[PDB]
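[1] part one of the complex, left exactly where it sits:
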Amino acid sequence: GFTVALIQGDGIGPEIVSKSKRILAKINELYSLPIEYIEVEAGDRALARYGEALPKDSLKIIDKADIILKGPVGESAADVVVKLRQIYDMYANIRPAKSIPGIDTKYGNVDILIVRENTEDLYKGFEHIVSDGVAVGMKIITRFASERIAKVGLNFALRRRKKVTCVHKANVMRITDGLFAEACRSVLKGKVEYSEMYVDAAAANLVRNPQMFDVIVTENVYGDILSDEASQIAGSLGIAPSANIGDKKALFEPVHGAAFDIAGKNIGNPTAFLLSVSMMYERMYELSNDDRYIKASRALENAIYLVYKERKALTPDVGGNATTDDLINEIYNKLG
Amino acid sequence: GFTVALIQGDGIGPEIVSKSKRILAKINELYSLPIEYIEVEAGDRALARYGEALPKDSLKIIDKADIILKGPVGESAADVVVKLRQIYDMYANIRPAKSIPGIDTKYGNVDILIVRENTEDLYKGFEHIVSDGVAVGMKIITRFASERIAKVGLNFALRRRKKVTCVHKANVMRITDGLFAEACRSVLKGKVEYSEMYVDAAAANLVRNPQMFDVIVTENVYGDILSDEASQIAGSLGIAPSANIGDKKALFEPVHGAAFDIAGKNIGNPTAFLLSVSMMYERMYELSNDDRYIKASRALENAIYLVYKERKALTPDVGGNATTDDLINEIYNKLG
Amino acid sequence: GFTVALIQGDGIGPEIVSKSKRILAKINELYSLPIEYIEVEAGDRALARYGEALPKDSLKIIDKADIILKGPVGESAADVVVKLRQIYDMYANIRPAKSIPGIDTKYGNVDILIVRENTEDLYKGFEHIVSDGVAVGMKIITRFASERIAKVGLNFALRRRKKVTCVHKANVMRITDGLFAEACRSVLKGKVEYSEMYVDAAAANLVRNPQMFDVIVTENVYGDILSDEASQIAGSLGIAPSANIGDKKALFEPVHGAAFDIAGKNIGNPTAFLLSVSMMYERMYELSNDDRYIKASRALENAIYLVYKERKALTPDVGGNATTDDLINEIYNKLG
């Protein structure tokens, strides 16, 4: 039994999540999943009703929860996601980039998984103005975090095509990246097909032939950049799912923001959200080993690819003229 | 006048460069260009003939020279280029990304100019191992280096589409990138169309629509990555020219390596090299204000564009079947 | 005309300052000094009446004042002195160490002046925990601050024995202290008797023979340590005066704390306070060049040495049995 904290959020969050509960229920039924969805408030509407973005009562329900399933948050996204990440130590940021039929009309065979270290590097904020016009920032990279991220890489590789590529820039940064690349090797080498690529080359190679990649393990920054590039190649950044996995707690969300310009027009695309749910199921299979959840993930992911291939009910963002309701219905019919 | 240190280099360097002298000579007399070319030896071949990769007699000549024109260098590339860039303070790294009609693009017509700070950031190698398994790098951003790179960005924009985009990550690095962006504004705001974009957005927008970009001004690291992504999108990395511009010294080279595997087969593509020469002429114009150099620049760029459009004598790297002598000849007929 | 902001402070501050106004008035009279003493509240009693240690009304009266003359502050000393230093940029911390008759029974001829840089080094607080069990602190030293501190050194040397000693540790810290020692030389060398000493040697030399020193210019930390040592040798740390001089604003105070254990017993020693007033007068001679204030400084300083030599009315801290009132009276009689 898993307990999932459901967050609607702002903008098109409420429309996307609330209308997706139909699919979330059809799957608990069809595959007999013991998932409890207890929803809580967080974001810009919670800051207006109460005084905090992450209300006291909400934090207490998330703490007793296994997984956090959220839609997009507004202006307060930084106080909700970041603070929630460092207290439940959700170090691994997973970013899949898979070709979607119809949207990728250039390659068609992209299947990348980017494992990105999300705790150190330059994104921890240790910077100062040391003198007039002079700013110094500290890049901190440890072998502890470097091995933990690698282990996650190994787990995803082992159930995919057994191929990992450690991406870095150790030719210039001998010490920092050199340490990251060494810890990469201690874990991966000899257990999977291993190779190393320089960050600039990988940025060029993603364009030339992204099918050469399976799993990519890289650092916080390099990963921030390569992820977005990869998603856009696979088709669209507005369709991209995201996850932040820790040892005892995980978080699944879409990459796209709250999108206030289209909020309420009933045309927001629920695809990113729904693919993050597919990952969430996959995470319930690593924690339970009960293949009951893996079946639900494949079923939801193939339902999505089928609607995109037919082109009969897509939202405006991807060239359709159907609503969010029509798209969800098409996925609900091909579910079983 | 101008004095140029010419370096043939290794692998395909000797073939490419020596055969391109015909072209370098025809232009000097066609546009009455006072350029003196004095070749020096450097690279792997010089390490085996003499004792050093960069002989004292070579350094003596490059010291009096205005511009450094070079072909690809072998294994000792990292000891030459980098050193010369530091002692002659060649801070601006120019990387154009321009599609050539003829070669496969699959992204449309792109005309992007990336201007990269090439002296500070994380690439100055200020990093150490502080404790067991703990490494620390220092990122340095200064007002000085940042205004200087923005001024170079302004020059190039002004004679292109007058559009600039500062790429950074000030949302997460408030102090370091924030100082970069502020320097970018005090120089560019008001003088050109100016916008700022986060590096991960840019990595993605470069794939979604690269035609939205004209001149990009960014940091050492971010520019290192985006440069290679932009060159692939436009065409190939083997067609890509490069430049390193200082106040009183400039260097022009192809991006491609020595390519020992095809050396001597007489098939190395001189395009990247000849486009470097074209950039050189562009820099001689800024220095002398004599538009003869700009006319020589357009004349050379044009000639290669015509031969590519005709597709009758291309090299095998771009789908042709002609020799490196045939392609140079076709550019020589389109010149006069 | 000078306007001095008078602060009583806590503990023995109120007793020391308020009873010293007799001497402060006798000198304005005897030497016709145009000094306006307008007193303001700051410290632990101000935090109890109002809500801030440095009340809004107080800050506004200090801003229109030239010099700040304070007694000791209590628990809130860090929010009063430090914040007041960095907004009026009072970089130079002056610490004289002069033998007092009767208390120095070991050397008898100590006359040191320590000029201590008070803005950079390690005392600016740029430190983080980068990893588990690992802490990093940044030592930042600029040539700007290094030359400003040296210039102050030169001014004090020029009206004393024309002898300066730059103290550092550049043999180990080639870059940081090496830069400090270079900036020391640019200013001092060729204008005064110049020499360099290593910090550990100076710590030993102060004990062996402190008469070898006149003025000492050193960095924030080394100076924090050497100052206290020097004062204790000269006689007593509880007798030591202190100053923080800036370009447009100065601050004079005793080194000793509020001393709550003896507060109200009418036995606190006013000597430290009164010698800081002697420095304050000296500072009015650098800003006015009117030797009227220099006369008042020598007169107050000799009045103090005379009472210490006679031993008839000293406070318990230095072996007497007289009160703070009796000591002030003896100085008031030998004033004129």
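    Alright, I've got the coordinates. Residues are numbered from 1 along each chain as shown, chains lettered A, B, ... in the order given.
[2] use CA for all of it now, contacts and neighbours both
    Noted.
[3] ok, which stretches of chain A are helices?
    A:13-30, A:44-49, A:56-63, A:77-86, A:143-158, A:176-188, A:199-208, A:220-234, A:271-286, A:292-310, A:324-333 (DSSP state H).
[4] near chain C, which residues of chain A show up?
    Residues of chain A found near chain C (C-alpha under 8 Å from any C-alpha of the partner chain) are A:126, A:128, A:130, A:131, A:140, A:142.
[5] tell me how far the residue nearest to the last one when sequence neighbours are not counted lies from residue B:117.
    If the residues on either side of it in the chain are set aside, residue A:142 comes closest to residue B:134, at 4.6 Å by C-alpha to C-alpha, 6 or more residues apart in numbering or on different chains. Between residue B:134 and residue B:117 the computed distance is 28 Å (C-alpha to C-alpha, to the nearest Å).
[6] can you check residue A:130 too?
    21 Å.
[7] out of these two, which sits in the busier spot?
    Between residue A:130 and residue B:117, residue B:117 has the larger neighbour count (other C-alpha atoms under 10 Å in any protein chain shown), namely 27 against 18.
[8] now for residue A:118: which residues touch it?
    By C-alpha atoms under 8 Å, 6 or more residues apart in numbering or on different chains, the residues touching residue A:118 are A:90, A:91, A:92, A:93, A:219, A:220.
[9] quick one: residue A:136 and chain C, what's the gap?
    10 Å (C-alpha to the nearest C-alpha, to the nearest Å).
[10] quick one: contacts for that residue?
    With C-alpha under 8 Å, 6+ apart, residue A:136 has these contacts: A:127, A:128, A:129, A:130, B:138, B:139, B:140, B:141, B:176.
[11] chain D should join the structure above:
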Amino acid sequence: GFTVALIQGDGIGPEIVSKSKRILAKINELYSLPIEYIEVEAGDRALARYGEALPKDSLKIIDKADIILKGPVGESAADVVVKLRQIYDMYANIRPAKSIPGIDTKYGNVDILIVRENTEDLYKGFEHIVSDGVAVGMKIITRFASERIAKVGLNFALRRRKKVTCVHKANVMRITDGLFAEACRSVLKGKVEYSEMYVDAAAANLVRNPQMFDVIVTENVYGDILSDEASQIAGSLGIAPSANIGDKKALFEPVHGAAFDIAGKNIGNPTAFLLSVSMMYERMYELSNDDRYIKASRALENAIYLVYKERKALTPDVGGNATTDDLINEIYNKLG
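    So that you can see how it sits with the rest, here is chain D on the chains above:
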């Protein structure tokens, strides 16, 4: 048993050391000490005889040796001592300050033991010039190095007056020194009389009353300064012994240099050297747990104390008029 690499060194080194072998030999047979002395060449004299200051044949022997006993080294001191201290991880720098009855003290009887961390802090030389006239040093404090130095502090305290004082500056450096002090507490609190003192207070209290101190545990830099202050107070820097203790290698030397000005006059004082030997025996006791070494230590310390008390055969550096042979002889008669 123990094997000792003996190094005569330069200047007065050869005279002092060679004449002290008589003493080293008499003790080995008087207390049945299994110590093998194997002399190696190192210093300026070795740089002129052979080619290196620290010959390969010397390093070979020191590698198999347990303890390194050395006399003063000339100009090449910084290349030997420092290197050997880094590759054999000799982290604890012991600096006793003990008055000898006979020599001028002027501070009473002091018996201070300073234990200095000698591997991290600011002395690992992690500093760079980041911008024009701006230098940055990195101060590194670790939990590991700090507990290790506190354990060494505990050993020495336990066999002295069971009193320890952690010297630091955590009031201003909250993070760095704060971590040092915390490591100091978890090891010392409860096992000995434990207090903490700020470095500037200590510099002053060392002059006011040094008898309040027994064992001092501090950092690399603070201990560098206070060590020299404490040795002067106790007596002289030329009488001061020094030690550098690692887990599997230890080094013992005098603090004084080679003193070329008096070399050959047969007047160099062997006290510092012989007190180093005494410390060595103390370390052999901790390693073997055989009190024969401790008896040899007290026996040697005592003999020198008797000759100093009698004042009949002292060297000119301490007011005597005897030769370096006479003083060694008097210690040899007081031994048997």
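[12] check the contacts of residue A:136 one more time with chain D there.
    A:127, A:128, A:129, A:130, B:138, B:139, B:140, B:141, B:176 are the contacts of residue A:136 under C-alpha under 8 Å, 6+ apart.
[13] excluding its backbone neighbours, what's nearest residue A:273?
    In space, residue A:273 is closest to residue A:254, 5.1 Å off (C-alpha to C-alpha, 6+ apart).
[14] I'd say that neighbour and residue A:71 touch.
    Yes. Residue A:254 lies in contact with residue A:71 (C-alpha atoms under 8 Å); the separation is 6.4 Å.
[15] and for these two, which residues touch both?
    Shared contacts of residue A:254 and residue A:71 (C-alpha under 8 Å, 6+ apart): residue A:273.
[16] measure the residue nearest the centre of chain A to residue C:36 for me?
    Central residue of chain A (C-alpha atoms, centre = their mean): residue A:242, 1.1 Å from the mean position. Look at residue A:242 and residue C:36: by C-alpha to C-alpha, they are 68 Å apart.
[17] how about residue A:316?
    From residue A:316 to residue C:36 the distance is 76 Å (C-alpha to C-alpha).
[18] again with residue A:34
    On the measure of C-alpha to C-alpha, residue A:34 and residue C:36 end up 81 Å apart.
[19] and stretch A:50-58, end to end?
    Using C-alpha to C-alpha, one end of stretch A:50-58 lies 11 Å from the other.
[20] do stretch A:67-76 as well
    Taking C-alpha to C-alpha, stretch A:67-76 runs 21 Å from one end to the other.
[21] same check on stretch A:277-295?
    Stretch A:277-295 end-to-end distance (C-alpha to C-alpha) = 13 Å.
[22] what are the contacting residues of it?
    By C-alpha under 8 Å, 6+ apart, stretch A:277-295 touches A:31, A:33, A:67, A:69, A:243, A:252, A:296, A:297, A:298, A:300, A:301.
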